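Before I ask anything, let me first share the structure, which is written out below as structure tokens.
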Amino acid sequence: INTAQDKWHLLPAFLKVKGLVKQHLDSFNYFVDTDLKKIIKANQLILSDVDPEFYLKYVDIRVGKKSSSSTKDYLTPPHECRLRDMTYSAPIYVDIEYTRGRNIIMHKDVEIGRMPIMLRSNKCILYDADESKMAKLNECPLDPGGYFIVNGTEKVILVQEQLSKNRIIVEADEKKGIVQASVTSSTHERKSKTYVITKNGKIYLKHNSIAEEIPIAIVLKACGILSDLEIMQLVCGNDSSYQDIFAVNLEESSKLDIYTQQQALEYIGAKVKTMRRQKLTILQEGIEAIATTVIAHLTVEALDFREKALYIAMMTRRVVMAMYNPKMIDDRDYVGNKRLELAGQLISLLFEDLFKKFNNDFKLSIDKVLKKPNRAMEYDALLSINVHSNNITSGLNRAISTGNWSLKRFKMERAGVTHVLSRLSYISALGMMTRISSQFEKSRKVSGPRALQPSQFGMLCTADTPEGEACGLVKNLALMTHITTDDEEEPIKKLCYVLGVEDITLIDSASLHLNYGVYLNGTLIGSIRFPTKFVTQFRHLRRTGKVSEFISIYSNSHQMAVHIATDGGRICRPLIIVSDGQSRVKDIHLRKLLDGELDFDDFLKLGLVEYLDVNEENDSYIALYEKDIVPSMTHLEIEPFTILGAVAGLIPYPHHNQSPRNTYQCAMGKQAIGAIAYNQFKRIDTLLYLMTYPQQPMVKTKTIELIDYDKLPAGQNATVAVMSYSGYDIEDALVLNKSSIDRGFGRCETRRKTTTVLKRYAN
Amino acid sequence: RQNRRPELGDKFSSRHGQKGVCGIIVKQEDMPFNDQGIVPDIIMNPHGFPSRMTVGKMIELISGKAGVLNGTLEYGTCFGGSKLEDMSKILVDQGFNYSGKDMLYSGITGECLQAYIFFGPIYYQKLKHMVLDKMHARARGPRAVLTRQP
Amino acid sequence: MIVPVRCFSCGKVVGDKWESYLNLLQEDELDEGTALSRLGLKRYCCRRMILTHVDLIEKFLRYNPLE
Amino acid sequence: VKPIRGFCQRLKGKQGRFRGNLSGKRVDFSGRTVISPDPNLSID
Amino acid sequence: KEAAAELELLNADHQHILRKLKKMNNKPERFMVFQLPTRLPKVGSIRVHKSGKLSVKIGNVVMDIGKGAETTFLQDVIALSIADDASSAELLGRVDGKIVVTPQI
Amino acid sequence: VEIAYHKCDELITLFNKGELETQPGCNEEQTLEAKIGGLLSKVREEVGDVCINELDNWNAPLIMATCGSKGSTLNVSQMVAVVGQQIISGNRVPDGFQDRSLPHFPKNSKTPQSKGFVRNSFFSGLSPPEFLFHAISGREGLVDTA
Amino acid sequence: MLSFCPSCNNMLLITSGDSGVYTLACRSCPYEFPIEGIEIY
Amino acid sequence: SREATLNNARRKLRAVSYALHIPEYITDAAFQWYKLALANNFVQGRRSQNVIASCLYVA
Amino acid sequence: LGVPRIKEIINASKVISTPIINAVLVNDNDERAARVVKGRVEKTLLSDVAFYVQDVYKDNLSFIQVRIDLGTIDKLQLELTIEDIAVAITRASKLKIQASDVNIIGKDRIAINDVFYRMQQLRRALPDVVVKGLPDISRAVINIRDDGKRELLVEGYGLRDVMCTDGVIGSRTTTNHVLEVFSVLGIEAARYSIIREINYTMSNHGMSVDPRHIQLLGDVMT
Amino acid sequence: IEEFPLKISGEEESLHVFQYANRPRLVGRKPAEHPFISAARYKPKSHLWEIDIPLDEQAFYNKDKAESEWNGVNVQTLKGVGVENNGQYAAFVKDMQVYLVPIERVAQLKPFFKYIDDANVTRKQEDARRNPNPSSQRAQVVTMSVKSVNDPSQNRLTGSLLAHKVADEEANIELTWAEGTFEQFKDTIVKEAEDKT
């Protein structure tokens, strides 16, 4: 048997527990388990103008349950629903009150519209079926899922990638644009950050609802703690090499003679427009306080305006380091400065606006009814929900069958969200999923967001990109991956307060710039000393302690800080933890694994593997093989072939090629004909090329054994003589064989459908 | 559905990274056979190997030959798999050449080939570029309502 | 799907080559290659179909809703 | 699509009556097919 | 040399906090500002082990030794103790040294 | 390659313990990179020269190289002899991380096989950082062409 | 000067000495001195 | 003018149509029936619920 | 050298990224002479010349001292005529405040000139002025031609003061401009430059064409 | 080897700290400040804690130090807000022990302006004095403007600025201490007589 040299059976256990395609299934299950029940509590009170007694109140909402009978008693079967030109759906069920009688309140439990559910999820038929329900349901038990049939065809929500949200990204230009930009979100405000520099020292806060400019020396002195000495001491450093450059724009608080009483609010907001109504709501403090709090930061800061002060104070500490230190820039291509949204977040942002556009029209109907001296509305409140129930269903189908999501609270138009599901091959159906689309789609920029970065070892595939105009923008994602979801950042911060930090209530000194100060994804907690012991304690707590389970900590020595990332969207990859002498194979762990027990989601409990891809590994050192260990390491790599994706995973010996041919072949590997599914002869497709006599790959890559590509191949095997024959062999010019092609070599089946629905007219 | 016989003009690409469109179809026996007499199916360009810089296909023919010889479906994943040192030992232990080469006999004249020719199986996938789906024509036909052009 | 009656490159028949291979793999077990050596395979392009070719027609005939 | 087209988007470029309908126009009597090599023809 | 920095900085901090704890605090008006984290399961019983390994915690509950907090500027003193009827304050005075309890696992 | 890595090890450790000087260019860490690139291109030139000197008769890469077909003698050296010093933006690969490039390389990486020097041929099998570096060079060349 | 003025904690500015001796003071702060030569680096 | 009244009638007929679970062609059939009836000046000044319900009932 | 170079020549852009002024000298690197040309026409880093900027407050409307470094400029001797520093300061505005009354006293104590704001403007504006050379010139690198002659390149835009400077001969100045060359040497020299620089930026990558096409490209825009 | 006892015995809870952001630690590396003699006045349930400190006589009788012209400045002030923390404690060192008084209450302060803080509003009110723009609308001023509760149109202030609004409603004058030694020292030890581990 194996002693320590296997290092391979962690990937089939990972594929058995979690699976390859889980960027849609897990996110949609978390959506319908938590967020669909959570966001309705933010909109439950529907009080009207006329007759101030009427209300509804949402207490429960669930999808496709019907908690007296079974789930739907049909829950219309998926392959049948694809041929019927119906959308695959399961309805909503809610529980609400009324004000029916003079002393009677009903609790009628109604439904509101339909809703599509992607395949292989929790609320579906095809969950946990194995060749019996699969045979009665007449569909192939190998499809990746993550899609749902809407109006006959099926659509796939692509995994959208954007930049980070609560970070401070550095930009640069030709010695004028040293803008230290950002974004922010309190779930309803982004609008800008625009921290641009015009004159040296003058890095005025810009905004679109402001006339000209606001200096830093009045922001940090008005909505920050005021000393006119800490602005030289707390925010820039102690040695004179930075303060001699920061000497400009420190006398501007003395030039205009502001000197905060209330005029340091009056000067920073006498130029803001449109004060929300005709009341003239400033009252010399109000619009200034609310413009400090809600339109420029993510913290409500009800009493202490010092945390935002330290956030801007550490934001302006980098632009001085972007000036004295000769132009080091955290560019917006690194994966740690990159978070991607999934299908659940996009469908949640659709649903939270379409529920508002439902509720406003239902309240309009309530106000339309309550306007006559008739008896009060008993049963028309019980009724008249299945009259705007075709506003959630029709909109929820239209926005996923077209791909243009008009929202009336974020003011964006997102085009090209989904795509019709190409079934050229099983590799096509696997590789169109697990795709990272982008925002930089059509822009001719060289060596920007087109060249791949070295932070892609195991994160994304380094050879999967279609050639053409979209080269470096729609790259796919690797095998051993996981995407973090966010539970809550508050018990994490309180546990950091337990583990020996101080707060930002007592920390103003010249000793702010000692050893690394701890953060929580864009919020400073304390400038603590002894950084290696804190990282060691949290290193032990992430394996042994109670609740961390998705946290990346990393010490950055150049900007002298340590961060804690806990937001959802970053990628992961498993890796084996080592402690100074050895790995964690130890002849008994993998033996218990392949004996038939102790599978994945237990090696994290014991401490074997731990999936992570943030710049935690930048504060680490990962080995390659077993015979490479040095007694100063942190971790090692499980398999080296996890860097190539699934579409790059059928190439026989890929490392014996140059990279453009691997890129070309992985681009055109999701294009060949094949043996798409088991219901190949029982389905009706608009464009379906089929292989007549498919054969196995003669040589098997150790990734296509796992994705069942050996079961469902996409080609044909043939012996071939490499020679220059008959002059028809010039430049990729093959020459075939009659009476060898006549025996069924490469025979094709092209299937096109032609549906003409006969309709009866309105005449 | 129509059962398209793969005609001349159709794309045939290897899985390893070289594309290809067929040039002519050979009847049965104008392609060079061997001592066992196995006529190969396709013939690739030797010029497609250097400037495209592919040497793993040249290992793929040997690995496919030993996989179809010894029975076992062989490896060839990234950075590991079945090596070549034992592979040449298997090829020379059965009785074949240690490099995949073979002496072949020419079709149009019957004598031997002056240089050796190596041949073995490659997984060949066919693409969605049938010549019936890409042929185009034009006559004095339909014109637009806006410029009276096709 | 179904194994072809004759192989592509050569012309030797491949009938009584598949069921006599799975019958020999289930009962009277051999490793992988002595099976073909005792069944009568000599040329190694006649051996790239019985060794190859996952059976798809046994998975296609599963889908019959009480036919 | 919410720009309307007047007598400037029909003359603007790459789809108008200057750069794809007048200078480069879709001609008649053509055909488009992939190419296979053949040495045995002369170079004419 | 982060383990070495841990070693010499903890040795210097332990010797400094042992020297400072046993001088000028018998009876002047001299204080000390602790921190102790939440979720405590006290007798105190704060033991001291020799050879520089100051095992400074309680030995009734789990031992999670650690100290050495930041020395900071801008003197922060309790300095008073009041109530609300018409109340007055107290002399407390002269906070000098900062010390927290960093728990180990 | 061993004496080249030894010479580069002294050439970097005489800056680790001492200092380096240069007249025409900048102060530091650019003429260092230029000298490493030159002393590793000399390796490729010499090993390709002894490869084409050693190479067989009727050798079909040498047949195409002596005739002007697909691939020059540089391509034959990349086949057999060695592959080295991929070209991105006129220099070696930059920092993909803070202070280094990959997790398999130590911090303050300023040595060969730390900042983008492949050492294996296409026959011998490439290292996974070397495969990543060749992927860097291939995608950069392809998007530059586009 | 980049002053350090105790008892008021504000930056000092050397304006005109109000029709007479060239003095230095702060804005509404009692900490001041006459000139003795500036401490410029 | 009259087109705004027919737009309000089309919205009310859309409401009763999607509430009573009828297909989309019979909505346009009831719309052209209501247009012909309003061209014949059949009713005026109702609460229009009974009118739209009667037109959708006969369609 | 690439396609932005042939893109930027053919449209005759008013600004240009890093041009060179290949000036030819008379003497070689013997001990001082070519280093004088290397030091004169480029830039004066006055942050190294001053060593600090100091004033003292004793009298009303005090003055700001500037210290010269004679031992530092006894390596690159160009303008040891320290009244020339004073007349370069009386080059009038240069920072929107005139420094005219800068009357120097012995041992190099220049007496330059609310009050503190115009003082700190001169504090953070004085290490930006130049005492010799064009302000449109960054630096210069001297090269070695194979015969033995030294040919220094100049990153700049002038081509009038580097031609006016004694020590270099005004025979050949191989530059990258196509519009400033027109402005300082007329029509035919600019068209010879546009048929020469296209040929120079294209033959460096092989791909050599018949230069009569280059002449026909140069004639149809000049 | 050496055991120290510590016991929680805090039941007073009003001992807020004050981070004096004017005084460096041991100015000139010699302890010569002793600056804590001052007075104060507080504000309940709004967390202001202003403190005024007396003057030394360096050079004033200067005109620019009270206003642009005059208020007659006689005292410096300082004020700062701050939310209370959770976990910190004090200590007593009674000859061999540690007592661990709870602190639990933090509010940092900054130097607050002493007579400019009414001067700018006073000058704008004096400029707004005797102006003819308040015409006869001041006679018919009615307080009949009672509004309904915020039905789904736009809302009130509602707690977002309540800590910003409550800064002028009430203020308490809390006197100096100047003699307090017995109360928070001996009663703490008397509490240990009834604690008994």
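Going in written order, the chains are labelled A, B, C, D, E, F, G, H, I and J, and every chain counts its residues from 1.
Assume contacts are C-beta pairs under 8 Å (C-beta built on N, C-alpha and C of every residue); 3 or more make two chains touch, one makes a residue touch a chain.
Taking the definition of touch as given, a chain qualifies here only if it contacts subunit G and subunit J alike; those chains are A. When every chain is represented by the mean of its C-alpha atoms, the one lying closest to the mean of all protein C-alpha atoms is A. Contact count check for A-B and A-J (C-beta pairs in contact): higher for A-B.
Computed from the mean C-alpha positions, the centre of subunit B lies at a distance of 89 Å from the centre of subunit G. As a whole-number value, the distance joining the C-alpha centres of subunit B and subunit I reads 65 Å.
Centre-to-centre separation of subunit D and subunit I, using mean CA positions: 52 Å. Computed centre separation for the pair subunit C/subunit J is 91 angstrom, with centres defined by C-alpha atoms. Within subunit H, not a single residue touches two or more of the remaining chains. Contacts with at least two other chains are made by residues 227, 247, 251, 259, 497, 506, 508, 640, 643, 655-658, 662, 692, 695-696, 698, 717-719, 728, 730-731, 733, 737, 740-741, 745 of subunit A. Counting partner chains per residue, subunit C has residues 8-9, 45, 48 touching two or more of them.
Here the chains touching each other pair up as A-B, A-C, A-D, A-E, A-F, A-G, A-H, A-I, A-J, B-C, B-D, B-F, E-J, G-I, G-J.
Considering their complex, residues 494, 497-500, 502, 506-511, 514, 527-530, 532-533, 537, 540-541, 544-545 of subunit A touch subunit E. Within the complex formed with subunit G, the subunit A residues making contact are 227-229, 232, 240, 243-244, 247, 250-251, 253-254, 257, 259.
Interface residues of subunit J, counted against subunit G in their complex, comprise 21-23, 27, 55-56, 58-60, 62-67, 73, 76, 110-111, 113-116.
The touching residues of subunit E, when paired with subunit A in their complex, are 2-3, 5-6, 9-10, 35, 37-39, 66, 68-74, 76, 100-105. Residues of subunit G that touch subunit I in their complex: 13-16, 22, 35-38, 40-41.
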